[PDB]
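Below is data.tsv, holding TSV, C-alpha atoms and all ligand atoms.
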chain	number	residue	atom	x	y	z
C	3	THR	CA	0.00	0.00	0.00
C	4	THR	CA	2.92	2.31	-0.80
C	5	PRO	CA	2.98	4.65	-3.84
C	6	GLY	CA	4.60	3.48	-7.05
C	7	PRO	CA	6.74	5.60	-9.38
C	8	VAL	CA	4.13	6.10	-12.14
C	9	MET	CA	1.61	8.94	-12.28
C	10	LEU	CA	-1.01	8.26	-14.95
C	11	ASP	CA	-4.63	9.30	-15.56
C	12	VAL	CA	-8.01	7.60	-15.64
C	13	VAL	CA	-10.58	7.11	-18.38
C	14	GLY	CA	-13.18	9.73	-17.49
C	15	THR	CA	-15.60	11.22	-14.96
C	16	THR	CA	-16.10	7.86	-13.22
C	17	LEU	CA	-13.70	4.98	-12.72
C	18	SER	CA	-13.92	2.04	-15.10
C	19	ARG	CA	-12.91	-1.55	-14.43
C	20	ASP	CA	-9.69	-0.88	-16.34
C	21	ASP	CA	-8.91	2.18	-14.21
C	22	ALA	CA	-9.35	0.08	-11.06
C	23	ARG	CA	-6.88	-2.50	-12.39
C	24	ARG	CA	-4.31	0.19	-13.18
C	25	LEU	CA	-4.83	2.00	-9.87
C	26	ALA	CA	-4.23	-1.26	-7.99
C	27	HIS	CA	-0.95	-1.88	-9.82
C	28	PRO	CA	2.04	-1.69	-7.41
C	29	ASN	CA	3.98	0.61	-9.77
C	30	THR	CA	1.13	3.14	-9.83
C	31	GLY	CA	1.61	6.05	-7.44
C	32	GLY	CA	-0.39	8.98	-8.77
C	33	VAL	CA	-3.30	10.25	-10.82
C	34	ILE	CA	-3.19	13.52	-12.79
C	35	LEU	CA	-6.54	15.03	-13.75
C	36	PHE	CA	-7.47	17.02	-16.86
C	37	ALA	CA	-10.50	18.84	-18.24
C	38	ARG	CA	-12.12	15.60	-19.43
C	39	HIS	CA	-12.32	14.46	-15.78
C	40	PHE	CA	-14.50	17.42	-14.69
C	41	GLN	CA	-18.24	17.64	-15.27
C	42	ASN	CA	-19.20	19.23	-11.94
C	43	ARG	CA	-17.90	19.46	-8.39
C	44	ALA	CA	-20.08	16.59	-7.16
C	45	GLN	CA	-18.81	14.30	-9.93
C	46	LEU	CA	-15.19	15.37	-9.39
C	47	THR	CA	-15.38	14.87	-5.62
C	48	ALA	CA	-16.93	11.43	-6.16
C	49	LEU	CA	-14.15	10.52	-8.60
C	50	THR	CA	-11.32	11.43	-6.23
C	51	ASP	CA	-13.14	9.55	-3.46
C	52	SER	CA	-13.43	6.44	-5.63
C	53	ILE	CA	-9.75	6.71	-6.61
C	54	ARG	CA	-8.66	6.70	-2.96
C	55	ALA	CA	-11.03	3.79	-2.26
C	56	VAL	CA	-9.00	1.67	-4.69
C	57	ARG	CA	-5.60	3.01	-3.56
C	58	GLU	CA	-5.53	4.90	-0.26
C	59	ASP	CA	-1.86	5.87	-0.77
C	60	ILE	CA	-2.43	7.48	-4.19
C	61	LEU	CA	-1.37	11.03	-5.03
C	62	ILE	CA	-4.00	13.02	-6.97
C	63	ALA	CA	-2.67	16.08	-8.80
C	64	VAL	CA	-3.82	18.57	-11.43
C	65	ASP	CA	-2.45	21.46	-13.51
C	66	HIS	CA	-4.01	24.46	-11.75
C	67	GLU	CA	-1.71	27.41	-12.46
C	68	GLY	CA	-4.33	30.01	-13.36
C	69	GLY	CA	-4.82	31.90	-16.59
C	70	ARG	CA	-4.34	29.58	-19.57
C	71	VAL	CA	-3.61	26.50	-17.40
C	72	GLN	CA	-6.63	25.67	-15.24
C	73	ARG	CA	-8.49	22.42	-15.90
C	74	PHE	CA	-11.54	23.20	-13.72
C	75	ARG	CA	-13.22	26.54	-14.40
C	76	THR	CA	-16.96	26.06	-13.77
C	77	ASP	CA	-19.58	24.92	-11.24
C	78	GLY	CA	-18.17	27.39	-8.70
C	79	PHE	CA	-14.44	27.11	-9.38
C	80	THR	CA	-12.79	30.52	-9.25
C	81	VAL	CA	-11.19	31.49	-12.55
C	82	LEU	CA	-7.66	32.34	-11.43
C	83	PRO	CA	-5.46	34.94	-13.13
C	84	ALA	CA	-2.31	34.18	-15.06
C	85	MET	CA	0.72	34.38	-12.79
C	86	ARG	CA	2.04	37.22	-14.95
C	87	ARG	CA	-0.71	39.37	-13.40
C	88	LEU	CA	0.98	39.06	-10.00
C	89	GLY	CA	4.29	40.20	-11.47
C	90	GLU	CA	2.46	43.22	-12.87
C	91	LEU	CA	0.96	43.85	-9.44
C	92	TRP	CA	4.45	43.60	-7.92
C	93	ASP	CA	5.72	46.41	-10.16
C	94	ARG	CA	3.02	48.73	-8.77
C	95	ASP	CA	2.78	47.54	-5.14
C	96	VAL	CA	5.28	44.98	-3.83
C	97	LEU	CA	3.69	44.31	-0.44
C	98	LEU	CA	0.16	44.13	-1.85
C	99	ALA	CA	1.42	41.70	-4.49
C	100	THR	CA	2.65	39.29	-1.81
C	101	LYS	CA	-0.67	39.64	0.03
C	102	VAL	CA	-2.69	38.89	-3.12
C	103	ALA	CA	-0.39	36.02	-4.11
C	104	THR	CA	-1.26	34.30	-0.82
C	105	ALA	CA	-4.99	34.85	-1.38
C	106	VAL	CA	-4.69	33.31	-4.85
C	107	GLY	CA	-2.85	30.32	-3.41
C	108	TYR	CA	-5.41	29.73	-0.67
C	109	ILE	CA	-8.39	29.88	-3.05
C	110	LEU	CA	-6.56	27.66	-5.56
C	111	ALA	CA	-5.73	24.99	-2.99
C	112	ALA	CA	-8.92	25.27	-0.92
C	113	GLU	CA	-11.16	24.67	-3.94
C	114	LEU	CA	-9.10	21.68	-5.12
C	115	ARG	CA	-9.10	20.24	-1.60
C	116	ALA	CA	-12.88	20.61	-1.34
C	117	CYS	CA	-12.99	18.16	-4.28
C	118	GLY	CA	-10.47	15.73	-2.78
C	119	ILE	CA	-7.34	16.68	-4.76
C	120	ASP	CA	-3.91	16.62	-3.09
C	121	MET	CA	-1.83	19.12	-5.06
C	122	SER	CA	-1.42	21.35	-8.10
C	123	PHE	CA	1.64	21.38	-10.37
C	124	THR	CA	2.31	25.04	-9.60
C	125	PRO	CA	4.14	27.48	-9.42
C	126	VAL	CA	5.88	28.06	-12.72
C	127	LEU	CA	9.33	29.43	-11.85
C	128	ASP	CA	10.48	30.00	-15.44
C	129	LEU	CA	11.55	33.59	-16.05
C	130	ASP	CA	9.50	35.67	-18.49
C	131	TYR	CA	12.00	36.11	-21.33
C	132	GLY	CA	9.32	36.83	-23.95
C	134	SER	CA	8.35	31.51	-25.41
C	135	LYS	CA	4.71	31.33	-26.50
C	136	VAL	CA	4.07	28.11	-24.55
C	137	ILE	CA	5.18	29.79	-21.30
C	138	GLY	CA	4.02	33.34	-21.97
C	139	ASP	CA	1.89	34.73	-19.16
C	140	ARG	CA	2.40	31.51	-17.18
C	141	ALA	CA	5.58	33.10	-15.79
C	142	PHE	CA	5.49	35.44	-12.80
C	143	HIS	CA	8.09	38.02	-13.82
C	144	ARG	CA	11.43	38.58	-15.52
C	145	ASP	CA	13.36	39.15	-12.29
C	146	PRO	CA	14.19	35.88	-10.47
C	147	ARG	CA	14.03	37.69	-7.12
C	148	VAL	CA	10.44	38.71	-7.87
C	149	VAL	CA	9.51	35.22	-9.08
C	150	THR	CA	10.94	33.83	-5.84
C	151	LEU	CA	8.98	36.04	-3.45
C	152	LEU	CA	5.75	35.92	-5.46
C	153	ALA	CA	5.99	32.13	-5.74
C	154	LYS	CA	6.90	31.92	-2.04
C	155	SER	CA	3.78	33.92	-1.16
C	156	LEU	CA	1.69	31.67	-3.42
C	157	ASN	CA	3.04	28.45	-1.90
C	158	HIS	CA	2.26	29.97	1.50
C	159	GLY	CA	-1.39	30.28	0.47
C	160	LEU	CA	-1.37	26.73	-0.85
C	161	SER	CA	0.06	25.63	2.51
C	162	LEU	CA	-2.72	27.41	4.43
C	163	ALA	CA	-5.12	24.86	2.91
C	164	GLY	CA	-2.68	22.03	3.65
C	165	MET	CA	-1.43	21.80	0.07
C	166	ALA	CA	2.14	21.40	-1.18
C	167	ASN	CA	3.55	22.78	-4.44
C	168	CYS	CA	5.79	21.94	-7.38
C	169	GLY	CA	8.12	24.40	-9.09
C	170	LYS	CA	8.70	24.03	-12.81
C	171	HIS	CA	10.33	23.65	-15.21
C	172	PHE	CA	13.80	23.08	-13.72
C	173	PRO	CA	16.43	24.39	-14.45
C	174	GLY	CA	14.57	26.87	-16.65
C	175	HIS	CA	12.35	26.73	-19.72
C	176	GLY	CA	11.95	30.48	-20.26
C	177	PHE	CA	14.97	30.77	-22.56
C	185	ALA	CA	13.03	17.40	-31.41
C	186	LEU	CA	13.57	18.59	-27.85
C	187	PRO	CA	14.28	22.31	-27.33
C	188	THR	CA	17.92	23.22	-26.75
C	189	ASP	CA	19.52	25.82	-24.48
C	190	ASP	CA	23.09	26.78	-25.39
C	191	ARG	CA	23.75	28.97	-22.34
C	192	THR	CA	26.55	28.20	-19.92
C	193	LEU	CA	25.96	26.66	-16.50
C	194	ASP	CA	26.95	29.89	-14.73
C	195	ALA	CA	24.36	31.99	-16.57
C	196	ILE	CA	21.62	29.38	-16.07
C	197	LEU	CA	22.46	29.11	-12.37
C	198	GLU	CA	22.65	32.85	-11.69
C	199	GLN	CA	19.11	33.51	-12.99
C	200	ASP	CA	16.81	30.62	-13.89
C	201	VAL	CA	17.85	28.32	-11.04
C	202	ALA	CA	18.02	31.09	-8.42
C	203	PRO	CA	14.31	30.83	-7.43
C	204	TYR	CA	14.68	27.10	-6.75
C	205	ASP	CA	17.67	27.79	-4.50
C	206	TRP	CA	16.20	30.80	-2.69
C	207	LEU	CA	12.84	29.15	-1.93
C	208	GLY	CA	14.41	26.63	0.46
C	209	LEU	CA	11.76	24.60	2.26
C	210	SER	CA	9.06	26.68	0.56
C	211	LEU	CA	9.70	24.54	-2.55
C	212	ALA	CA	8.12	21.11	-2.10
C	213	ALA	CA	8.76	19.50	-5.50
C	214	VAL	CA	10.25	20.07	-8.95
C	215	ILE	CA	9.33	19.15	-12.51
C	216	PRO	CA	12.44	19.13	-14.74
C	217	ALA	CA	12.10	20.53	-18.23
C	218	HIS	CA	12.41	18.47	-21.41
C	219	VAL	CA	15.27	20.70	-22.56
C	220	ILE	CA	18.80	19.88	-23.68
C	221	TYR	CA	21.18	22.32	-21.97
C	222	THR	CA	23.91	21.63	-24.50
C	223	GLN	CA	26.69	23.45	-22.65
C	224	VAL	CA	25.90	21.39	-19.50
C	225	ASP	CA	24.80	17.87	-20.41
C	226	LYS	CA	23.93	15.70	-23.40
C	227	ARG	CA	20.71	14.51	-21.71
C	228	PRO	CA	17.46	16.41	-21.08
C	229	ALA	CA	17.13	17.78	-17.56
C	230	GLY	CA	14.48	15.18	-16.69
C	231	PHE	CA	16.92	12.45	-17.77
C	232	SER	CA	20.11	14.18	-16.56
C	233	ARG	CA	22.02	12.94	-13.52
C	234	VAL	CA	23.92	16.24	-13.67
C	235	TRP	CA	20.88	18.50	-13.34
C	236	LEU	CA	18.99	16.25	-10.92
C	237	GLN	CA	21.70	14.72	-8.70
C	238	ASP	CA	24.72	17.01	-9.04
C	239	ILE	CA	22.89	20.36	-9.28
C	240	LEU	CA	19.41	20.00	-7.79
C	241	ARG	CA	19.90	17.44	-5.01
C	242	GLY	CA	23.61	18.14	-4.54
C	243	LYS	CA	24.36	21.83	-5.03
C	244	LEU	CA	20.91	22.99	-3.88
C	245	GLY	CA	20.39	20.24	-1.30
C	246	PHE	CA	16.82	19.80	-2.52
C	247	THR	CA	15.00	17.06	-0.61
C	248	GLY	CA	11.52	17.32	-2.14
C	249	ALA	CA	9.90	15.13	-4.76
C	250	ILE	CA	10.94	15.28	-8.42
C	251	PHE	CA	8.22	14.61	-10.99
C	252	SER	CA	9.10	14.10	-14.63
C	253	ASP	CA	7.34	16.27	-17.17
C	254	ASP	CA	4.75	14.51	-19.32
C	255	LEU	CA	6.67	11.60	-20.84
C	256	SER	CA	3.96	11.28	-23.52
C	257	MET	CA	5.63	14.06	-25.52
C	258	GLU	CA	6.96	12.54	-28.73
C	259	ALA	CA	10.47	14.01	-28.47
C	260	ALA	CA	10.81	13.07	-24.78
C	261	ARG	CA	11.38	9.38	-25.57
C	262	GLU	CA	14.29	10.28	-27.90
C	263	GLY	CA	13.26	7.40	-30.16
C	264	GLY	CA	12.88	4.85	-27.36
C	265	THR	CA	9.81	3.37	-25.72
C	266	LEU	CA	7.85	4.99	-22.92
C	267	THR	CA	9.17	2.31	-20.55
C	268	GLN	CA	12.79	3.11	-21.41
C	269	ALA	CA	12.20	6.84	-20.93
C	270	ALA	CA	10.47	6.12	-17.62
C	271	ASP	CA	13.37	3.99	-16.39
C	272	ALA	CA	15.84	6.66	-17.55
C	273	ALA	CA	14.10	9.53	-15.75
C	274	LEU	CA	13.76	7.53	-12.54
C	275	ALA	CA	17.42	6.48	-12.72
C	276	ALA	CA	18.51	10.08	-13.37
C	277	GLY	CA	16.80	11.24	-10.17
C	278	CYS	CA	13.05	11.43	-10.75
C	279	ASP	CA	10.93	10.03	-7.92
C	280	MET	CA	7.81	9.80	-10.09
C	281	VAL	CA	7.13	9.86	-13.84
C	282	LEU	CA	4.10	11.33	-15.60
C	283	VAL	CA	2.43	9.44	-18.47
C	284	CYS	CA	-0.57	11.53	-19.52
C	285	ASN	CA	-3.43	10.99	-21.96
C	286	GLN	CA	-2.77	7.33	-22.79
C	287	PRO	CA	-3.61	4.95	-19.92
C	288	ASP	CA	-2.98	1.77	-21.91
C	289	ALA	CA	0.53	2.95	-22.77
C	290	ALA	CA	1.00	3.87	-19.10
C	291	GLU	CA	-0.11	0.33	-18.23
C	292	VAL	CA	2.64	-1.05	-20.46
C	293	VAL	CA	5.09	1.00	-18.40
C	294	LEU	CA	3.60	-0.34	-15.16
C	295	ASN	CA	4.36	-3.90	-16.29
C	296	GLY	CA	7.66	-3.23	-18.08
C	297	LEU	CA	9.35	-0.90	-15.61
C	298	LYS	CA	12.61	-2.19	-14.15
C	299	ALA	CA	12.87	0.36	-11.34
C	300	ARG	CA	10.66	0.09	-8.27
C	301	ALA	CA	9.70	2.73	-5.73
C	302	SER	CA	12.46	3.14	-3.15
C	303	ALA	CA	11.98	3.94	0.52
C	304	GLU	CA	13.43	7.43	0.02
C	305	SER	CA	11.32	8.10	-3.08
C	306	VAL	CA	8.28	6.77	-1.21
C	307	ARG	CA	9.07	9.15	1.66
C	308	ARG	CA	9.18	12.08	-0.76
C	309	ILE	CA	5.98	11.05	-2.57
C	310	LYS	CA	4.12	10.64	0.73
C	311	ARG	CA	5.01	14.20	1.79
C	312	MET	CA	3.20	15.52	-1.30
C	313	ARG	CA	-0.15	14.36	0.11
C	314	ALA	CA	-2.45	17.11	1.33
C	315	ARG	CA	-2.39	17.96	5.04
C	316	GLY	CA	-5.28	17.97	7.49
C	317	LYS	CA	-9.02	18.00	6.95
C	318	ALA	CA	-10.49	19.93	4.02
C	319	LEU	CA	-13.68	21.97	4.16
C	320	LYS	CA	-16.49	20.76	1.94
C	321	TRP	CA	-17.54	23.21	-0.75
C	322	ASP	CA	-20.68	24.41	1.06
C	323	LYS	CA	-18.60	25.40	4.10
C	324	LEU	CA	-15.68	26.85	2.11
C	325	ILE	CA	-17.68	29.40	0.12
C	326	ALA	CA	-19.04	30.87	3.38
C	327	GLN	CA	-15.71	30.81	5.22
C	328	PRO	CA	-14.46	34.27	6.30
C	329	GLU	CA	-10.90	33.59	5.14
C	330	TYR	CA	-12.13	32.33	1.76
C	331	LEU	CA	-14.37	35.38	1.31
C	332	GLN	CA	-11.48	37.63	2.37
C	333	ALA	CA	-9.25	36.13	-0.33
C	334	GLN	CA	-11.97	36.59	-2.96
C	335	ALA	CA	-12.41	40.28	-2.12
C	336	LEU	CA	-8.65	40.89	-2.18
C	337	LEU	CA	-8.38	39.13	-5.55
C	338	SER	CA	-11.36	41.03	-6.98
C	339	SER	CA	-10.04	44.35	-5.64
C	340	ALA	CA	-6.44	43.94	-6.82
C	341	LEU	CA	-7.26	42.55	-10.28
I	401	LIG	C1	7.44	25.05	-20.42
I	401	LIG	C2	6.10	24.56	-20.93
I	401	LIG	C3	6.02	23.06	-20.88
I	401	LIG	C4	5.99	22.52	-22.30
I	401	LIG	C5	6.59	21.18	-22.33
I	401	LIG	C6	4.74	22.61	-20.19
I	401	LIG	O1	3.73	23.32	-20.18
I	401	LIG	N1	4.75	21.41	-19.58
I	401	LIG	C7	3.54	20.93	-18.90
I	401	LIG	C8	3.16	19.56	-19.51
I	401	LIG	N2	2.97	19.44	-20.78
I	401	LIG	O2	2.67	18.15	-21.34
I	401	LIG	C9	2.56	18.03	-22.73
I	401	LIG	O3	2.84	18.99	-23.42
I	401	LIG	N3	2.14	16.85	-23.25
I	401	LIG	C10	1.82	16.65	-24.63
I	401	LIG	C11	1.63	17.68	-25.53
I	401	LIG	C12	1.31	17.42	-26.85
I	401	LIG	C13	1.18	16.11	-27.28
I	401	LIG	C14	1.37	15.07	-26.39
I	401	LIG	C15	1.69	15.33	-25.08
I	401	LIG	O4	3.11	18.42	-18.64
I	401	LIG	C16	2.79	18.51	-17.24
I	401	LIG	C17	1.64	17.59	-16.93
I	401	LIG	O5	0.44	18.15	-17.33
I	401	LIG	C18	2.57	19.97	-16.81
I	401	LIG	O6	2.51	20.05	-15.42
I	401	LIG	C19	3.70	20.85	-17.38
I	401	LIG	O7	3.65	22.13	-16.81
Please rewrite the model in this file as structure tokens.
Ligand SMILES: CCC(CC)C(=O)N[C@H]1/C(=N/OC(=O)Nc2ccccc2)O[C@H](CO)[C@@H](O)[C@@H]1O
Amino acid sequence: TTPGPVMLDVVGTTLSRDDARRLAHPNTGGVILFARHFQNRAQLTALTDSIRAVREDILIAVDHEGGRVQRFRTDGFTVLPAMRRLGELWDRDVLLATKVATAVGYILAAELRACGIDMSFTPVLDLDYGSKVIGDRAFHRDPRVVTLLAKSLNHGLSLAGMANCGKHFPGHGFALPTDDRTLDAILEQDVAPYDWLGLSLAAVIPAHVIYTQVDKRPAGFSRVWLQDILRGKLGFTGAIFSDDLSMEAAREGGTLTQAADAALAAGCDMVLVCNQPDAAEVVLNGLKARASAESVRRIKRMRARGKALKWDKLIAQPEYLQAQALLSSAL
């Protein structure tokens, strides 16, 4: 009853017999939700409940960053702003920006927790260099601003008992994309938020980027980035999730199973295989690596903390209503 290294997804709004088989697999350790898994809050809450009934130790995550990346947007879910908005608020009022960032984090996490979800793959720590796929998903250009805005956000997530996951290490702001900058330049700017956050950073997603001047391998498959730099230089002790291995160029010509074993060997504690459960099931049965005691420890600390308010109580909570007003007033 310990988490496995694979995070996959399920078939739809309710669990099928095939989902139950996959969830019960020892190498399964997480479920990532998408828009297709949300009809309404009642259905979503029932799904997460049924997932934990099959596998009590499972980690349930979702991409809730705000702006362009928010899977659940209806039936009462607060539409959250793009993180770039907070960087814009910082430039006009630093202290207010931190205050709002916390309110955004609390709403974000409180609403997910009311529906039985453990965590969100947020914040994005990539610097806003001016990448269309990142775009307004980044907080700011200045790594010191990204750090303190992200720190304030993760604080709000923590108020609801929710962890966090910075991405995409060591920096996606600047076949698989390449980055021909030197280690020093990458460290001095893009990595700085990861280092400065300290214990405020609970997990990392490495980017599917070749940092040519640093290592032949992508960050997610790089022992240099993950072991030497992230765990070694930065002393990071949190969980490392691979970025979606379903990307064509991520496999580098190999199978999903080989890419999964490579990421886990490089330093990943858990691999993501999204939008193809049958392919993820092949990985479950073909994976050579098994969850270690130290990886299990890190995965377990990503679970949500404490009791969550049900939706009917949350929307009338003073703190919740205070966050809403602050968000409405500042943006
Ligand atoms: C720097 C942007 C980067 C871009 C990589 C990105 O946005 N990465 C996201 C991602 N993207 O996953 C695919 O792009 N998969 C795909 C896309 C097209 C076809 C098949 C699979 O994965 C995980 C799991 O959701 C997210 O938390 C990541 O933030």
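Taking atom CA of residue 310 of chain C and atom CA of residue 4 of chain C as endpoints, the distance between them is 8.6 Å.
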Rounded to one decimal, what separation in Å do you get between atom CA of residue 294 of chain C and atom CA of residue 187 of chain C? 27.8 Å
Neighbourhood of ligand LIG 401 (chain I) at 7 Å, counting all atoms listed in the file, reported as a list in words: residues 65, 123, 136, 137, 170, 171, 175, 217, 218, 253, 254, 256, 257, 258, 282 and 284 of chain C
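Neighbouring residues of residue 297 of chain C at 8 Å or closer, counting all atoms listed in the file and skipping chain neighbours under 6 positions away, are residues 267, 268, 270 and 271 of chain C.
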Do a neighbour search on residue 166 of chain C at 12 Å with all atoms listed in the file, toss out local chain neighbours closer than 3 positions, and write the hits as an mmCIF file with C-alpha atoms, in the coordinates of the input.
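Writing the result to around10.cif gives the following:
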data_model
loop_
_atom_site.group_PDB
_atom_site.id
_atom_site.type_symbol
_atom_site.label_atom_id
_atom_site.label_comp_id
_atom_site.auth_asym_id
_atom_site.auth_seq_id
_atom_site.Cartn_x
_atom_site.Cartn_y
_atom_site.Cartn_z
ATOM 1 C CA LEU C 61 -1.370 11.030 -5.030
ATOM 2 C CA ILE C 62 -4.000 13.020 -6.970
ATOM 3 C CA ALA C 63 -2.670 16.080 -8.800
ATOM 4 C CA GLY C 107 -2.850 30.320 -3.410
ATOM 5 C CA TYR C 108 -5.410 29.730 -0.670
ATOM 6 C CA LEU C 110 -6.560 27.660 -5.560
ATOM 7 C CA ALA C 111 -5.730 24.990 -2.990
ATOM 8 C CA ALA C 112 -8.920 25.270 -0.920
ATOM 9 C CA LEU C 114 -9.100 21.680 -5.120
ATOM 10 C CA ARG C 115 -9.100 20.240 -1.600
ATOM 11 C CA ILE C 119 -7.340 16.680 -4.760
ATOM 12 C CA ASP C 120 -3.910 16.620 -3.090
ATOM 13 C CA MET C 121 -1.830 19.120 -5.060
ATOM 14 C CA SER C 122 -1.420 21.350 -8.100
ATOM 15 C CA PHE C 123 1.640 21.380 -10.370
ATOM 16 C CA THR C 124 2.310 25.040 -9.600
ATOM 17 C CA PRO C 125 4.140 27.480 -9.420
ATOM 18 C CA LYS C 154 6.900 31.920 -2.040
ATOM 19 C CA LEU C 156 1.690 31.670 -3.420
ATOM 20 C CA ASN C 157 3.040 28.450 -1.900
ATOM 21 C CA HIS C 158 2.260 29.970 1.500
ATOM 22 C CA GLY C 159 -1.390 30.280 0.470
ATOM 23 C CA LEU C 160 -1.370 26.730 -0.850
ATOM 24 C CA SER C 161 0.060 25.630 2.510
ATOM 25 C CA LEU C 162 -2.720 27.410 4.430
ATOM 26 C CA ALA C 163 -5.120 24.860 2.910
ATOM 27 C CA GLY C 169 8.120 24.400 -9.090
ATOM 28 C CA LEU C 209 11.760 24.600 2.260
ATOM 29 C CA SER C 210 9.060 26.680 0.560
ATOM 30 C CA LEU C 211 9.700 24.540 -2.550
ATOM 31 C CA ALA C 212 8.120 21.110 -2.100
ATOM 32 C CA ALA C 213 8.760 19.500 -5.500
ATOM 33 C CA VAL C 214 10.250 20.070 -8.950
ATOM 34 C CA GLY C 248 11.520 17.320 -2.140
ATOM 35 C CA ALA C 249 9.900 15.130 -4.760
ATOM 36 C CA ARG C 308 9.180 12.080 -0.760
ATOM 37 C CA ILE C 309 5.980 11.050 -2.570
ATOM 38 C CA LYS C 310 4.120 10.640 0.730
ATOM 39 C CA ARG C 311 5.010 14.200 1.790
ATOM 40 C CA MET C 312 3.200 15.520 -1.300
ATOM 41 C CA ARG C 313 -0.150 14.360 0.110
ATOM 42 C CA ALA C 314 -2.450 17.110 1.330
ATOM 43 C CA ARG C 315 -2.390 17.960 5.040
ATOM 44 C CA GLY C 316 -5.280 17.970 7.490
#
If you count only C-alpha atoms, which residues fall within 6 Å of residue 31 of chain C, apart from same-chain ones fewer than 5 positions away, as JSON, numbers by chain? {"C": [5, 6, 7, 8, 9, 60]}
Output as AutoDock Vina command-line options the centre and edge lengths (Å, one decimal) of the box along x, y and z of the file that holds every listed atom of segment 30-42 of chain C after adding 3 Å on each side.
--center_x -8.8 --center_y 11.2 --center_z -13.4 --size_x 26.8 --size_y 22.1 --size_z 18.0
The residue from C:201, C:12, C:193, C:273 with the smallest atom-to-atom distance to residue 231 of chain C, counting only C-alpha atoms, is C:273
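Take atom CA of residue 188 of chain C and atom CA of residue 278 of chain C: the distance between them is 20.5 Å.
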So which residues touch segment 84-87 of chain C within 12 Å, counting only C-alpha atoms, skipping near sequence neighbours fewer than 3 positions away, as a PyMOL selection string? chain C and resi 66-72+81+90-94+99+102-103+106-107+124-132+137-145+148-149+152-153+156+337+340-341
Which residue gives the smallest distance to residue 150 of chain C among C:50, C:100, C:15, C:192, with all atoms listed in the file counted? C:100
Would you kindly place N, CA, C and O atoms on segment 149-160 of chain C and return the model as a PDB file, in the coordinates of the input?
ATOM      1  N   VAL C 149      10.094  36.550  -8.950  1.00  0.00           N
ATOM      2  CA  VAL C 149       9.510  35.220  -9.080  1.00  0.00           C
ATOM      3  C   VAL C 149       9.591  34.477  -7.752  1.00  0.00           C
ATOM      4  O   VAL C 149       8.617  33.857  -7.306  1.00  0.00           O
ATOM      5  N   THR C 150      10.750  34.541  -7.097  1.00  0.00           N
ATOM      6  CA  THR C 150      10.940  33.830  -5.840  1.00  0.00           C
ATOM      7  C   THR C 150       9.919  34.257  -4.797  1.00  0.00           C
ATOM      8  O   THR C 150       9.209  33.424  -4.222  1.00  0.00           O
ATOM      9  N   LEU C 151       9.824  35.563  -4.540  1.00  0.00           N
ATOM     10  CA  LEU C 151       8.980  36.040  -3.450  1.00  0.00           C
ATOM     11  C   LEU C 151       7.500  35.952  -3.793  1.00  0.00           C
ATOM     12  O   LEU C 151       6.676  35.714  -2.902  1.00  0.00           O
ATOM     13  N   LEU C 152       7.136  36.134  -5.063  1.00  0.00           N
ATOM     14  CA  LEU C 152       5.750  35.920  -5.460  1.00  0.00           C
ATOM     15  C   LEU C 152       5.375  34.445  -5.349  1.00  0.00           C
ATOM     16  O   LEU C 152       4.328  34.098  -4.791  1.00  0.00           O
ATOM     17  N   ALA C 153       6.227  33.562  -5.876  1.00  0.00           N
ATOM     18  CA  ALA C 153       5.990  32.130  -5.740  1.00  0.00           C
ATOM     19  C   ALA C 153       5.960  31.713  -4.270  1.00  0.00           C
ATOM     20  O   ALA C 153       5.104  30.921  -3.858  1.00  0.00           O
ATOM     21  N   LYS C 154       6.890  32.234  -3.465  1.00  0.00           N
ATOM     22  CA  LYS C 154       6.900  31.920  -2.040  1.00  0.00           C
ATOM     23  C   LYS C 154       5.573  32.301  -1.392  1.00  0.00           C
ATOM     24  O   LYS C 154       5.004  31.528  -0.612  1.00  0.00           O
ATOM     25  N   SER C 155       5.060  33.489  -1.715  1.00  0.00           N
ATOM     26  CA  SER C 155       3.780  33.920  -1.160  1.00  0.00           C
ATOM     27  C   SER C 155       2.642  33.027  -1.650  1.00  0.00           C
ATOM     28  O   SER C 155       1.703  32.743  -0.898  1.00  0.00           O
ATOM     29  N   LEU C 156       2.705  32.582  -2.909  1.00  0.00           N
ATOM     30  CA  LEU C 156       1.690  31.670  -3.420  1.00  0.00           C
ATOM     31  C   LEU C 156       1.731  30.340  -2.670  1.00  0.00           C
ATOM     32  O   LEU C 156       0.710  29.866  -2.160  1.00  0.00           O
ATOM     33  N   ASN C 157       2.912  29.721  -2.600  1.00  0.00           N
ATOM     34  CA  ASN C 157       3.040  28.450  -1.900  1.00  0.00           C
ATOM     35  C   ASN C 157       2.603  28.571  -0.441  1.00  0.00           C
ATOM     36  O   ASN C 157       2.110  27.597   0.141  1.00  0.00           O
ATOM     37  N   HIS C 158       2.771  29.752   0.156  1.00  0.00           N
ATOM     38  CA  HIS C 158       2.260  29.970   1.500  1.00  0.00           C
ATOM     39  C   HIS C 158       0.741  29.838   1.531  1.00  0.00           C
ATOM     40  O   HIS C 158       0.185  29.202   2.433  1.00  0.00           O
ATOM     41  N   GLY C 159       0.058  30.423   0.544  1.00  0.00           N
ATOM     42  CA  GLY C 159      -1.390  30.280   0.470  1.00  0.00           C
ATOM     43  C   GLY C 159      -1.821  28.852   0.223  1.00  0.00           C
ATOM     44  O   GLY C 159      -2.781  28.370   0.827  1.00  0.00           O
ATOM     45  N   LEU C 160      -1.123  28.154  -0.677  1.00  0.00           N
ATOM     46  CA  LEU C 160      -1.370  26.730  -0.850  1.00  0.00           C
ATOM     47  C   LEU C 160      -1.228  25.989   0.473  1.00  0.00           C
ATOM     48  O   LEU C 160      -2.057  25.138   0.813  1.00  0.00           O
TER      49      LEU C 160
END
